[PDB]
């Protein structure tokens, strides 16, 4: 399986720089060009530039020519996008991608998972994680609902898995809400059999990369 894995989300001050990394694996690194594409709020996907992973030549969009640098490190099969003089329009999800690899031998298209960059002078804050315990007030049709409340973090995003990814059915991880304080909160819930709460263990795995938060909260009645 060919893949691209990006670095974690960041917050950076206006006027500062951000550098996002893109680790390639599972294919011949030097054969293809890695593109950078961003997706800003309410806006179309926007191509920024490409680098040929072999010889390192680049082409940048006119929009970013003066502010972007794309590089690559072949010994670590990793590409990098640095964007300087950050501005409010630059808050966005940044993707690396092997766009439309259409050769005589191959046809594929691979994207990294995306890196959220927030341009802000506000400080990073990690969340508290609180259980949403199943109870008589959270049962419906032979199921029990339970969850985790991830409160008071900055910037986005938080990600949540259950039981290290082994529990996926019946999960809803909600979009975050913006609190008056400027901090975010989110909820993640799952519905499970009402009959086996005594024998099964449910743990929410919360990640907030900007604050180095990795929490595993067991949720019990």
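Residue numbers count along the first chain shown, from 1.
Higher mean CA temperature factor, per the PDB entry, when comparing 51-59 with 32-40: 51-59. In this entry, 87-95 has the higher mean Cα B-factor, the comparison being between 87-95 and 143-151. Comparing the listed residues 75, 128, 113, 120, the entry records the largest Cα B-factor for 75.
Take 17, 205, 199, 211 and read off each C-alpha B-factor from the entry; 17 has the highest.
When the modelled residues of the chain are ordered by their C-alpha B factor, residue 156 lands in the lowest third. Residue 193: CA B factor lies in the lowest third for its chain, per the PDB record. When the modelled residues of the chain are ordered by C-alpha B-factor, residue 169 sits in the middle third. When all modelled residues of the chain are sorted by CA temperature factor, residue 102 is found within the lowest third.
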